[PDB]
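Chain nomenclature is as follows: A, B, C, D, E, F, G, H, I, J, K, L, M and N, assigned in order of appearance, with residue numbering initiated at 1 for each chain independently.
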Amino acid sequence: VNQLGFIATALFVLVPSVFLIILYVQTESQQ
Amino acid sequence: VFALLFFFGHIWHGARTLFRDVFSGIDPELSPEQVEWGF
Amino acid sequence: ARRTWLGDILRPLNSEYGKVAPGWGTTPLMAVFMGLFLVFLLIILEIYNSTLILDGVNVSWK
Amino acid sequence: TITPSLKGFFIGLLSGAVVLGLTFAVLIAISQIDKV
Amino acid sequence: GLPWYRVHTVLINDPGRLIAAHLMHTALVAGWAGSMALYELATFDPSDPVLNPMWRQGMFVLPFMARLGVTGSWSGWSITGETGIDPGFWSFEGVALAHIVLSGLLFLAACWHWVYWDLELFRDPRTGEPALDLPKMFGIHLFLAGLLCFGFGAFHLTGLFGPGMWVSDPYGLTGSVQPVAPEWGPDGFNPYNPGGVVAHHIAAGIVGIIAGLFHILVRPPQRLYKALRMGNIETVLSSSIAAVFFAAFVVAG
Amino acid sequence: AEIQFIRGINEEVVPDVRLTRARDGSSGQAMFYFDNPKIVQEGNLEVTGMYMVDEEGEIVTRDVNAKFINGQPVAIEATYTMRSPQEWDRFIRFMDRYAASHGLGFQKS
Amino acid sequence: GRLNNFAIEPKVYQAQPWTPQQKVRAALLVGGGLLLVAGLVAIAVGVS
Amino acid sequence: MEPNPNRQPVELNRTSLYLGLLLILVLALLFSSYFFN
Amino acid sequence: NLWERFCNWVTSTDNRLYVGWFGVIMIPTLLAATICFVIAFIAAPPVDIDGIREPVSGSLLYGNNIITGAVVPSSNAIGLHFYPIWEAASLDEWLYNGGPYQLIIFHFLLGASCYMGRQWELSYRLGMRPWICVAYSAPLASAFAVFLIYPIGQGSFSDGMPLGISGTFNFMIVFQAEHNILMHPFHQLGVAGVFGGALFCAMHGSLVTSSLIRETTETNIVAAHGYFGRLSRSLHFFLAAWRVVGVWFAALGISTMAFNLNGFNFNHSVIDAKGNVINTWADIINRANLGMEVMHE
Amino acid sequence: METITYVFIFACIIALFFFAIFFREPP
Amino acid sequence: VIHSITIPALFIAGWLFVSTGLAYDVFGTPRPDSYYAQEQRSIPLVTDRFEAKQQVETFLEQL
Amino acid sequence: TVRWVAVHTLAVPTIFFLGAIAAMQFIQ
Amino acid sequence: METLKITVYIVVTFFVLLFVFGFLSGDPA
Amino acid sequence: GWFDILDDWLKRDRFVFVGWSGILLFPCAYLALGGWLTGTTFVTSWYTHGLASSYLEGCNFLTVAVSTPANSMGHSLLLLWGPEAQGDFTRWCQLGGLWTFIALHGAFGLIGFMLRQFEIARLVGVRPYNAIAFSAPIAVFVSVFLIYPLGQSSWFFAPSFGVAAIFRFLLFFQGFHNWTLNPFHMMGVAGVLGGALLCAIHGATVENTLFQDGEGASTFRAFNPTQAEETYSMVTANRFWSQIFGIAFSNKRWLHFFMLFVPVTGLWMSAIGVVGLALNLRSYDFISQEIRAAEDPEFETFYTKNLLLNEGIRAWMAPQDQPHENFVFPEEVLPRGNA
């Protein structure tokens, strides 16, 4: 049981997805 | 693991280096300020 | 462009941008030096692999 | 001194150098013959 | 218009913003080294080096500090475990704060090189295009690398100006940082001989200085300039990635 | 004074050519545009490049790609680069020998 | 649509025969480097 | 003066966004068990 | 009057997704097996695959993760029996005996057969030839052999493949210890078909990407393939037909291992004149198979 | 917390399937 | 074009390699009566590295 | 000197090895 | 259990009869 | 005179192409294939492994193998002139030196083949995506046949160049490493299976949505490096798979980059996993699952059933697959399911 193993899963989900979402909503503004 | 991945990085970059004129479409030994003639 | 002080001090080094030697130049010297480095790398590998055992060279922690 | 291992390394180096010189000498002679 | 995997390639045609990106990357590596040293300095138990050494506690950056001569911290212990010494400034904390202020200085220089990008040093005076003299650049970089190789080997590891390196017995019982003499002869190619490492940095520093002076004075031939595509920055990256994966396989071995 | 796609066979369709030159009279290629050539129709052979035979030797253009519409090849567009004036004057000589024999405009801009 | 970026290589020209200006600097390179390496083997002896 | 004329824009269309989100989500579904252990 | 509004909505190819007449069966069965799979993967009681009272806890809420979780197959007490919920005495007796596995594999096998029918259906409505249907029949026959045919031959639904990542590995290990599948040649044709299919995929991909310059659509499709190689048109039929018949072969290979005509045991091939047995590489495999076979009681 | 992370990643995968089929990018 | 100088002398060269018992001597493969020694049920696995050749030719005197 | 080696480096030990394999069936 | 039995039987006859009816009858228009 | 005549002779048109890369490829490839054929025909495995693995000892095609060297050799190169065999070809064939011969020649032949792909693409004037797709079998060969024994005890724990020896290698990685539970392995399986699935679907739909079926089939001129991609319609296939699957390609370029991308990535991730398994850094157990197995002895998943099967594979295959350890396991310590 890892307490900080859930943080790894949340940092693995969020950090590339925030990059792709910022890249998409930043390219729809002026592509 | 890093040495094995850097082997693929070497393959990709040597292929991008030597094949520049087909990867780009513009030969590197021609000057880019080219005009035209017509025929 | 900016003509800084270090741009004027370090200029002679970024001056020959495509200056090549004509012909083959020093390529046979480079080829025999690459052959010497290949024989060197071989000797070092066969010393560590212990497939070249030398007098006074005991490849272990001793 | 010269060990049996060092002498066998010399045998292997001379046979590799030979094979590498013999292949390029045969290829250079065959390329100089068929010169179109 | 660029895809996500090609956004760094805007630094291909401008030698000063490439300096800025390389300076930032180096600020990142030095900041990791200081931070890793501080995090390992926090969670360390230097109270039993017999049955609780640093390889048992997961200390990864600690041994590369202690291998070159960093024994002892400012709190008053040692890796060997004598619990009172004066190491000076160069403790584990001293080199950690040194890499922290080095990371800050390289970040400030990365910011300067990113703002003041267009200099006369990167352009040719004839054309308007940016151009770098790579066949030369390898000579000045090889002269500097051979000068620091010879300096590190002939002055650090001999102990003429420095501590030694880590030398131990065949069983790892009595081992500390002692100055070791260079081994000339066939025993220097024994990998377990520490004298071969010193003899190696003296000799390879001299050969690196000779070859750096060779490129600073001799231009490349035309045949392998057009064959190995010199003048492109990407052949340098190709062959550097080759040398660095050869080197990573050697250090894993 | 001919143009071949398959060494031995000749191209009997005159290409639309658009010569280009660098300002330093050093480099420059020539975008060819064969509009419905005979190699496009039948043949069933294999092209190994655009071969430009002459009396002073031969000029090979490996950059040869054909355009397709709905499964049917209609046009073969090739491009040849120069990168040196000693091949530029060879190409202008092979061009004068071709435009004498087939009939071409040379409408210089 | 996707763009790329490649390197603009400098023009290949052959190296001319030198002058005194560059010949004396090549001489002050070689004669500097020979006595530099001649000092370095002396430091290599003095540390061994 | 000149603002370093090189700043080309970054595109990431919606089908690239879907493919990258699928890659990150199935990589987290694969490696979550090993991160939780 | 109202039926034709439905017969026009179903059969129309102007939809987002084509719900055919095969889709009328395909949608509720593949929804029922999906919702029961998500329920029986998250929350399901332990199931005894044997006839003893030690049950296998396969679900997520009973101490598993994504790798070790499974939907456990039916009990040995049931065998080849049809087990719906009304056949059981209670709901707990149904859940304890592996009834979700039978429910999921029957609706999945019915919905995948109607997926093959829906592929053929749309193809015929679009004016296309019937090959796609055929090529999807190779993983369909492979899924029919692993959920239905091997339980028919072995005589119980406990011998079917479990619906989990670690249950697939347990199925493979237990199958090799019983049948020696690695030396069975119909399996070796499956490995050659799957390896060659990945090979031809990467090779065919690389050879096209490198020889395709521009391609556009007006929105009359145009493509300018950079032709001319160095020193009929049946590349795609070979590209489909290599991996397909390879997977077909290994599907009917495990369908013949259902009836215990299994592999190749080169048991003591080589001998010595002193009544001594000299081992080979087959005896090491048969020595390992005795490892996993004895641990499976 | 351990189970609901798996169910959350699986539910985001199903929601991505819904946004990929019906909210697809027009040519 | 036509080439029939020596095809089937190579077939007898391959037959007399095995049938006379030369391939067992050239490639070091033991004869089917010559696997074990006359008294022991042990397999002669090489246990050393630089004594391995002397280990194999030490075993081959037991036959 | 020509592609006649394809028969001298790939057919000669092939015919030799098929002779060895055909001799190998008549053992014991 | 018979309240879930005749419910499932009604749905399976309802779908296989709709599949058979719509496959044959209603091919034009 | 010196160099351009040899360069123009090598790059000349012939039956086979032999460039500058052919001098590295063809001796190494010919000697690797020939050493495998003369090892499976004649060379035994009796002094290294204790097995009979040649046609001379009466084996079939499935049970022959040019086996790995003995465990006492370590990671020695086993040269013919080296200190182990010392010129003796009989003792070099007996000590397992043919394995290191075939392995080093397969390495340099794969190097020469990918250089041949770069050379032919540098001739034809195309982008060398085939040599980028050939980076994956080279990485699989380097991670399995070279890095895995170099991280283990010696060359003995390596695939021994046979069919049944390869099946023993798969069972060894199941028993001793739990290699099916590795996530890098799972990405390798998914890359290979998705590639074969992509291969079959792509072939099925190009052969279906052809431009000319058979009725007005004007047979146009076909070139081979288009790999017959003019002959089918993109719009009909996109209209099919947007309604069947709900997702479909609209590029002939991104589809074929996807076919390049999927099994090369799959094969590269399994290379990373075998490089980790060289140091026995495997993905054997889930720790909290071991704690839940130790807490109550009536807990059983399929993973804990798989661990007992790996224990059985280990303790029953171990006295014969590793005979240099001299394992004497009595019948009482061997794992049985009725115990």
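What we mean here is this: contacts are C-beta pairs under 8 Å (C-beta built on N, C-alpha and C of every residue); 3 or more make two chains touch, one makes a residue touch a chain.
For each chain, UniProt lists the protein as follows: A = Photosystem II reaction center protein M; C = Photosystem II reaction center protein H; D = Photosystem II reaction center protein X; F = Photosystem II assembly factor Psb28 protein; G = Photosystem II assembly protein Psb34; H = Photosystem II reaction center protein L; I = Photosystem II protein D1; J = Photosystem II reaction center protein T; K = Cytochrome b559 subunit alpha; M = Photosystem II reaction center protein I; N = Photosystem II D2 protein.
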Topological distance between chain J and chain L, in contact steps: 2
Closest chain to global C-alpha mean, per-chain Cα centroids: N
Maximum centroid distance from chain D, chain identifier (CA atoms): M
Chain centre separation (chain C, chain I (Photosystem II protein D1); CA means) in Å: 56
Rounded Å distance, chain G centre to chain K (Cytochrome b559 subunit alpha) centre (Cα mean): 61
Geometric centre distance via CA averages, chain G-chain A, whole Å: 48
Distance from chain H to chain G - Cα centre to Cα centre, in angstrom: 44
Contacts with 2+ other chains: residues of chain D: 5, 9, 30, 34
Per-residue multi-chain contacts in chain F, two or more chains: 46-48, 62, 66, 68, 70
Per-residue overlap in chain M, given as positions that touch at least 2 other chains: none
Contacting residues of chain I (Photosystem II protein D1) [partner chain N (Photosystem II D2 protein), same complex]: 13, 15-18, 54-58, 63-65, 67-70, 72, 118-119, 122-123, 126, 128-132, 134-136, 138-139, 162, 164-167, 169-170, 172-174, 176-177, 182-183, 193-212, 215, 217, 221, 223, 225-244, 246-247, 264, 266, 269-270, 278-285, 287-288, 290-292, 294-297
Residues of chain B defined as touching chain E within the complex: 2-4, 6-7, 9-10, 13-14, 16-18, 20, 28
In the complex, chain J residues that touch chain H: 2, 5-6, 9-10, 12-13, 16, 19-20, 23-25
Contact set on chain B toward chain F in their complex: 21, 27, 29-31, 33-39
Chain B - residues contacting chain N (Photosystem II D2 protein), complex: 1, 4-5, 7-8, 11-12, 15, 18-19, 22-23
